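Colleague: Pasting protein_28.txt below, which is compact mmCIF, C-alpha atoms.
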```txt
# COMPACT_ATOMS: atom_id res chain seq x y z
CA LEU A 1 60.24 130.59 32.83
CA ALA A 2 60.25 132.94 29.84
CA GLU A 3 63.77 131.81 28.94
CA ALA A 4 62.85 128.15 29.44
CA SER A 5 59.80 128.46 27.19
CA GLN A 6 61.72 130.21 24.42
CA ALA A 7 64.53 127.66 24.72
CA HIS A 8 61.96 124.88 24.45
CA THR A 9 60.47 126.30 21.27
CA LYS A 10 63.94 126.96 19.83
CA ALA A 11 65.10 123.41 20.54
CA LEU A 12 61.82 122.07 19.14
CA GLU A 13 62.19 123.91 15.85
CA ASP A 14 65.86 122.95 15.56
CA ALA A 15 64.88 119.34 16.24
CA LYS A 16 62.35 119.41 13.41
CA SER A 17 64.91 121.03 11.09
CA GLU A 18 67.44 118.34 11.99
CA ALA A 19 64.82 115.65 11.39
CA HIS A 20 64.38 117.07 7.90
CA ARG A 21 68.15 117.34 7.29
CA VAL A 22 68.47 113.68 8.32
CA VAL A 23 65.65 112.25 6.22
CA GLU A 24 67.27 114.17 3.35
CA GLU A 25 70.43 112.05 3.55
CA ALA A 26 68.13 109.09 4.17
CA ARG A 27 66.31 109.34 0.85
CA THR A 28 69.56 110.26 -0.91
CA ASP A 29 71.35 107.11 0.23
CA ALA A 30 68.13 105.20 -0.51
CA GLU A 31 68.13 106.24 -4.17
CA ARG A 32 71.87 105.53 -4.28
CA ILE A 33 71.31 102.00 -2.93
CA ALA A 34 68.50 101.39 -5.41
CA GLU A 35 70.85 102.57 -8.16
CA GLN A 36 73.56 100.16 -7.00
CA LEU A 37 71.04 97.32 -7.06
CA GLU A 38 69.77 98.13 -10.58
CA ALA A 39 73.46 98.28 -11.56
CA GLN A 40 74.08 94.80 -10.16
CA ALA A 41 71.04 93.66 -12.16
CA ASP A 42 72.59 93.98 -15.62
CA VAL A 43 75.87 92.33 -14.65
CA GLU A 44 74.11 89.44 -12.93
CA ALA A 45 72.05 89.02 -16.10
CA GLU A 46 75.07 89.07 -18.42
CA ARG A 47 76.91 86.60 -16.17
CA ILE A 48 74.15 84.10 -17.02
CA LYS A 49 73.75 85.08 -20.68
CA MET A 50 77.44 84.43 -21.28
CA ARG B 1 67.80 86.85 -12.74
CA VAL B 2 64.92 84.43 -13.20
CA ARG B 3 63.87 86.13 -16.44
CA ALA B 4 67.39 85.90 -17.87
CA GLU B 5 68.00 82.27 -16.92
CA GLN B 6 64.59 81.03 -18.07
CA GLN B 7 64.97 82.79 -21.42
CA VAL B 8 68.49 81.45 -21.92
CA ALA B 9 66.95 78.06 -21.14
CA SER B 10 64.58 78.83 -24.02
CA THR B 11 67.56 79.72 -26.24
CA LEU B 12 69.05 76.36 -25.28
CA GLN B 13 65.75 74.65 -26.14
CA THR B 14 66.06 76.16 -29.61
CA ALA B 15 69.80 75.73 -30.17
CA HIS B 16 69.79 72.05 -29.18
CA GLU B 17 67.39 71.01 -31.93
CA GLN B 18 68.93 73.48 -34.39
CA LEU B 19 72.44 72.08 -33.94
CA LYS B 20 71.11 68.52 -34.02
CA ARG B 21 69.55 69.36 -37.38
CA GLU B 22 72.93 70.66 -38.53
CA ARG B 23 74.56 67.45 -37.28
CA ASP B 24 72.26 64.97 -38.97
CA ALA B 25 72.45 67.15 -42.09
CA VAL B 26 76.25 66.89 -42.24
CA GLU B 27 76.12 63.20 -41.29
CA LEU B 28 75.03 62.42 -44.85
CA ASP B 29 77.62 64.82 -46.28
CA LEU B 30 80.65 63.31 -44.54
CA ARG B 31 79.89 59.86 -45.99
CA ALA B 32 81.09 61.14 -49.37
CA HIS B 33 84.56 61.79 -47.92
CA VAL B 34 85.02 58.43 -46.16
CA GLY B 35 86.45 56.73 -49.24
CA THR B 36 89.52 58.92 -49.62
CA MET B 37 90.29 58.66 -45.91
CA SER B 38 90.00 54.88 -46.09
CA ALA B 39 92.26 54.71 -49.13
CA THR B 40 94.95 56.90 -47.60
CA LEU B 41 94.77 55.01 -44.29
CA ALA B 42 95.33 51.72 -46.10
CA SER B 43 98.14 53.29 -48.13
CA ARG B 44 99.90 54.48 -44.97
CA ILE B 45 99.44 51.12 -43.23
CA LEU B 46 100.93 49.23 -46.19
CA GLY B 47 103.22 51.76 -47.87
CA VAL B 48 101.97 51.72 -51.47
CA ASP B 49 99.28 53.69 -53.26
CA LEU B 50 96.90 50.72 -53.48
```
So, in terms of structure tokens, how does the structure I just supplied come out?

Modeller:
Amino acid sequence: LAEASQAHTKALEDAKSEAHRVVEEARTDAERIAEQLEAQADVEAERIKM
Amino acid sequence: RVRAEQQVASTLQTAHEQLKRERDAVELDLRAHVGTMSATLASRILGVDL
């Protein structure tokens, strides 16, 4: 039971760390997608200006 | 998008009347040059300067 409890707390803390590592890539790809959209903005504007 | 296309519609609203002003301004100018064109057309149809 000692081993099971320590394994539970270890897996719990690793799960939280992995949650953080994952939301990291989440927000990174989110800012990248926003950047791509703002980039499409100027070209879609110029395509109408011209 | 909608900003760009509505403001280029505004630029069209301006350019239409501007170019129409240019057109009816040159309409009175071209009338001075009709005589020479008429004379040369008649000369080419007939074959003499008159």

Colleague: Between atom CA of residue A:25 and atom CA of residue A:40, what is the distance in Å, rounded to a tenth?

Modeller: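 Taking atom CA of residue A:25 and atom CA of residue A:40, their separation equals 22.3 Å.
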
Colleague: As number ranges by chain, could you give me every residue of chain B near chain A (at most 8 Å apart, counting only C-alpha atoms)?

Modeller: B: 1, 4-5, 8

Colleague: Could you dump the residues just selected with C-alpha atoms as a compact mmCIF listing (two decimals), in the frame of the given file?

Modeller:
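Full text of out36.txt as output:
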```txt
# COMPACT_ATOMS: atom_id res chain seq x y z
CA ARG B 1 67.80 86.85 -12.74
CA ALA B 4 67.39 85.90 -17.87
CA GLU B 5 68.00 82.27 -16.92
CA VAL B 8 68.49 81.45 -21.92
```

Colleague: For a test of reading the model, state the distance in Å between atom CA of residue B:37 and atom CA of residue B:18, rounded to one decimal.

Modeller: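 Rounded to one decimal, the two atoms are 28.4 Å apart.
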
Colleague: In Å, rounded to a single decimal, give me how far atom CA of residue B:29 is from atom CA of residue B:48.

Modeller: 28.1 Å

Colleague: Centre and edge lengths of an axis-aligned box around all listed atoms of stretch 36-46 of chain B, with 4 Å added on each side, are to be given in Å to one decimal, as AutoDock Vina command-line options.

Modeller:
```
--center_x 95.2 --center_y 54.1 --center_z -46.4 --size_x 19.4 --size_y 17.7 --size_z 14.4
```
